[PDB]
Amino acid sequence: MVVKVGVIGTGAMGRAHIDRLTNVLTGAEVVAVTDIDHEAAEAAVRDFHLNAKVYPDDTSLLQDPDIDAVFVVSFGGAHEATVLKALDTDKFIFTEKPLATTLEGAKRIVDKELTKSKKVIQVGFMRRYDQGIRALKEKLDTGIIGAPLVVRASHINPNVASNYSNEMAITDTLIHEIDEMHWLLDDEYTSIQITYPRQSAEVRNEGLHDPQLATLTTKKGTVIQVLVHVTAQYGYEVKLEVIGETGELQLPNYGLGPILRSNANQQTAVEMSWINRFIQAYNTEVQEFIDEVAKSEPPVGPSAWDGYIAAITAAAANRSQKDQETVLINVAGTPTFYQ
């Protein structure tokens, strides 16, 4: 039966999710929208030819009994309150990352969800759905390279908007690696440290350090070195290498485009848009959510607990940014509810 969806926040990613649900994926319909910019919400309805009602706020939308699930796609800082409101209903909840912008907010959500008769929140950490990354994890898990010793990763982005701040290097960019690595390794973090190499001349934003180097450590002692470089110019790229005791695994170059021999070079295109890079993962993640809601079963994707882990680690990273010193992480054990 069709999953009736309400969307809270009809901006860039909200519209992208509306588009997915309407024109790409199967088994859902958007029947309600709201945005603090009412005209934006109206436009979403028009642009996507929805049979949907526009509500003036989240509270009103959440009162609609016909809605089976809500998508929270507002500003990050608005997620916490909205998710908490939604938990007063029986509706399933897909929230874009972050779960909340503070670790305390995340904890509030976890604590509230724990009181319920079903897990209902999935968080939009799409990396876990990317076919390439999953294939690497699968291969790692065969034991073929032994224990993971070091992970080297890159998060490369061409340029940023004028409103992109230093802290967003963590909260908008590194956050993906923050969620991914503990999942990839089936391990828990023990520390994070952010260091600043020489400042790029390409940076146009006051206070923004770029590139940034992030070193994370895990309980088993695996060290993760992430390069974050958001004014890299050349392209958008995600790189991942796992160094094991007996071998290595790395993600192949992304892209299906041809190899060009021309002008004394052999070349392949590099993606310029994060949007295109993770199109598959976004579709897969959302389809999975919808498929679960259709069965009235709890989501199986990243949970509020994953959101909490991410928020704790992001907080630690933002602390590290202040003086470039290592910050310890010690997350509580995973409640059975979230296993």
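Numbering starts at 1 and follows the sequence shown.
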_Test of understanding: from the entry's C-alpha B-factors, which stretch has the higher mean, 85-93 or 148-156?_
85-93
*asked:* Comparing average C-alpha B factors as deposited, tell me which of 121-129 and 247-255 sits higher.
replied: 247-255
*asked:* According to the Cα B-factor stored in this entry, which of the following is highest: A304, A41, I275, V30?
replied: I275
*Could you say whether, by C-alpha temperature factor, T10 belongs to the lowest, middle or highest third of its chain?*
lowest
_Could you place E206 in the lowest, middle or highest third of its chain by Cα temperature factor, using the values in the record?_
highest
*Against its chain's modelled residues, does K107's Cα B factor rank lowest, middle or highest third?*
highest
*asked:* Looking at the temperature factor on the CA atom of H176, which third of the chain's modelled residues does it land in?
replied: lowest
*Sort the modelled residues of this chain by their C-alpha B factor and say whether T34 lands in the lowest, middle or highest third.*
lowest
